[PDB]
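Coordinates in review
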Amino acid sequence: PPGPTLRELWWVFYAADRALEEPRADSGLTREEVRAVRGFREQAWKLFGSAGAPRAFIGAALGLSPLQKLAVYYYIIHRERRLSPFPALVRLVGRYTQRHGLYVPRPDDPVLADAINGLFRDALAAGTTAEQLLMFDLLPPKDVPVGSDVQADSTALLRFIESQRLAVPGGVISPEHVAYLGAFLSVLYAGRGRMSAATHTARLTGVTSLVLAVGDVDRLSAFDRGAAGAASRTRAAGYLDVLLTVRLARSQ
Ligand SMILES: [Cl-]
Ligand SMILES: [Cl-]
Ligand SMILES: [Cl-]
Ligand SMILES: [Cl-]
Ligand SMILES: [Cl-]
Ligand SMILES: [Cl-]
C-alpha cells in the first residue's frame, strides 16, 4: 500500500512545526532519520520558501507552513514507499508528544480536509485549464516570456496531458498554450484563487468555457467515492507530481 496515510499526515500536519521548535527534537530518533527530516525540510524550502520568504507556487492561498504544504503535497501524490521520510517525522512528533503532551488543533488552526481539498483543487484547476487550452490549437497569438518559471511548469503540464490522452490525439502544443497556461499559473501561484486565475486567463484567450470548467473543479473533493473520485485523485496526483519534478530539477 502506497503511503502516506491520513493518520500519518495528521500527526505531521499539526505538530511537526511545533516539534521542531523544541530543543531536543532529534534526541529521540536516529541519524538516518535526521537525514530524512533533513531532505524533507530542504525540499519544503526549495518548493515553498520560508514563512517570511514564501516562494510563488501552488497552494499559495491555503495559509499553511512550508512543512504543512509539503506533507499535503506528498499525501496527494500518494507514492511513498519504504524510503518515506514520514515515519521519521512521526517519531519526531511522537517524541514531542511524550514531552509536551498531545497537541489538539486550536479553533483558528488550518482545517486538514480543507488543506487537502485546496491543493487538490489547485492541481485539478491547472490540469483542467491546460486541457481546455489544448482543445483550441489556434489561440490569440502570444509568445512565452523570456524569464518565467511558470514556463517550465506550464510546458510540463501540457506535455503530461498529451501523454494522458485527455486532449484529442493529434493536436500540437503551440507557444500560445505554454504562454496562456503560464498566465493562469502565475495568478494561481499568487493568493488570487482559482476563479481569479480562470477569469483572467479566459479574458486573454477568449476561451469562455475555461471559467465553468474550473468551477466544476470546486464542486469536487479529494474524498469523493467511486471511479469518479479516484479518477480525480489520479489527475491531482499526476499534475502535482509533474510540477514537483520540474521544481526540484530547476533548484539543483
Ligand atoms: Cl489512508
Ligand atoms: Cl519555515
Ligand atoms: Cl479551497
Ligand atoms: Cl481554434
Ligand atoms: Cl507518450
Ligand atoms: Cl498576477
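The coordinates are above.
Within every chain, numbering proceeds from 1 in written sequence order, not necessarily in step with the numbering of the entry, and residues without coordinates do not appear. The naming scheme follows written order: chains are lettered A onward, ligands numbered 1 onward. To obtain the side-chain values, all non-hydrogen atoms of the structure were included, while hydrogens and water were left out.

1. Overview of the nonpolar core
Stated formally: Only buried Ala, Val, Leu, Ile, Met, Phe, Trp, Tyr and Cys residues count toward a nonpolar core, and they belong to the same one when joined by side-chain atoms within 4.5 Å. Accessible area is worked out with a 1.4 Å probe on protein chains only. A residue is then buried under 20% of its type maximum, exposed over 50%, and partly exposed in between. Only DSSP runs of H or I covering at least 4 residues are called helices, and only runs of E covering at least 2 are called strands; the numbering of each starts at the N terminus.
Counting residues in hydrophobic clusters, the biggest one holds 69 residues, and the most contacted among them are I58, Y73, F184 and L185. With twelve residues, the top contributor of residues to this core is helix α5 (residues 112–134). Counting five residues, the second-largest nonpolar core is a separate cluster that includes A25, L29, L92 and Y96.

2. A closer look at a nonpolar patch on the surface
Threshold: Note that patches include only residues with greater than 30% relative accessible area and no salt bridge, and the join distances are 9 Å for like charges and 5 Å for nonpolar side chains (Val, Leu, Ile, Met, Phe, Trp, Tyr). Surface accessibility in these figures is a Shrake-Rupley result with a 1.4 Å probe; residues are shielded only by whichever protein chains are displayed. The term salt bridge refers to a pairing of a side-chain nitrogen on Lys or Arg with a carboxyl oxygen on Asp or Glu at a separation within 4 Å.
A contiguous nonpolar patch, built from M135, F136 and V168 and spanning about 280 Å² of accessible area, is present on the exposed surface. Within the secondary structure, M135 sits in the loop between α5 and α6 (149–163). The exposure class of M135 is partly exposed, given its relative accessible area of 42%.

3. Focus: the pattern of salt bridges
This structure, assessed with the given rule, holds eight salt bridges. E33 is the salt-bridge partner of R91, the closest N and O atoms lying 3.9 Å from each other. Here the residue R91 occupies a position in helix α4 (residues 86–100), and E33 occupies one in helix α2 (residues 31–48), the gap between them amounting to 58 residues. Among the residues examined, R91 registers a relative accessible area of 51% and is labelled exposed. Under the relative-accessibility criterion, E33 is labelled buried at 17%. For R38, the salt bridge is made with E42, and the minimal N-O distance between the two is 3.8 Å.

4. Some thoughts on the environment of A236
Short version of the rule: In this description, contact between two residues means that some pair of their heavy atoms is separated by no more than 4.5 Å.
Inspection of the secondary structure assignment puts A236 in helix α10 (residues 226–251). Relative accessible area serves as the criterion here: at 0%, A236 is assigned to the buried category. In this structure the C-alpha to C-alpha distance between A236 and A125, which are 111 residues apart in sequence, comes to 9.2 Å. Leave out the neighbours within four places in its chain, and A236 touches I76, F120, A123 and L124.

5. Some words on the packing of helix α1 (residues 6–20) against α4
Applied cut-off: Axis definition: a line fit to C-alpha positions, over the contact stretch in the case of helices; interaxial angles, taken between N-to-C directions, run 0 to 180 degrees. Under this scheme an angle from 65 to 115 degrees is roughly perpendicular, one under 35 degrees roughly parallel, and one over 145 degrees roughly antiparallel; angles in between are oblique. Each crossing is labelled by how the near helix is turned from the far one, with a counterclockwise turn of less than a right angle marking it left-handed and a clockwise turn marking it right-handed. For this classification, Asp, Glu, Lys and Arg are treated as charged, while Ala, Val, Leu, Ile, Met, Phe, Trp, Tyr, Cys and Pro are nonpolar and the rest, including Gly, are polar.
Two elements in contact, α1 and α4, have axes separated by 8 Å at closest approach and are oriented at 60 degrees. The orientation of α1 with respect to α4, classified from their angle, is oblique. Regarding α1 and α4, the two cross each other, and that crossing is left-handed. Contact with α1, carried on its side by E8, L9, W11, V12, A15, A16, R18, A19 and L20, involves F86, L89, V90, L92, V93 and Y96 of α4 and no other residues of that element. Looking at the contact of α1 with α4, its residues break down into 13 nonpolar, no polar and two charged.

6. A short note on the packing of α2 against α4
Angle between the axes and distance between the axes: these two values describe a pair of packed helices. Remark: α2 packs on α4, axes separated minimally by 8 Å, with the N-to-C direction vectors making an angle of 105 degrees. Classed by the angle they form, the pair α2 and α4 counts as roughly perpendicular. The segment α2 lies against α4, with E33, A36, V37 and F40 engaging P87, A88, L89 and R91.

7. Topic: the packing of aromatic side chains
Stated precisely, the cut-off is as follows: When the centres of two rings from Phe, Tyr and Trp lie within 6.5 Å, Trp using its six-membered ring, the rings pair. Their planes under 30 degrees apart give stacked, over 60 give edge-to-face, and anything left gives tilted. The rule is short: NZ of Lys or CZ of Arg within 6 Å of the ring centre and within 35 degrees of the ring normal puts a charge over the ring.
All chains considered together, the criterion is met by ten aromatic pairs. Aromatic side chains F57 and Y73 sit 6.1 Å apart centroid to centroid with 20 degrees between the ring planes, which places their arrangement in the stacked category. Of the two residues, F57 sits in the loop between α2 and α3 (66–77) while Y73 sits in helix α3, which places them 16 residues apart along the sequence. No difference in accessibility class separates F57 from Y73, as the two residues are buried. By the ring-pair criterion, three or more aromatic residues cluster together here, those being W10, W11, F13 and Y14. Sitting over the face of the ring of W45, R55 holds its NZ or CZ atom 4.5 Å from the ring centroid.

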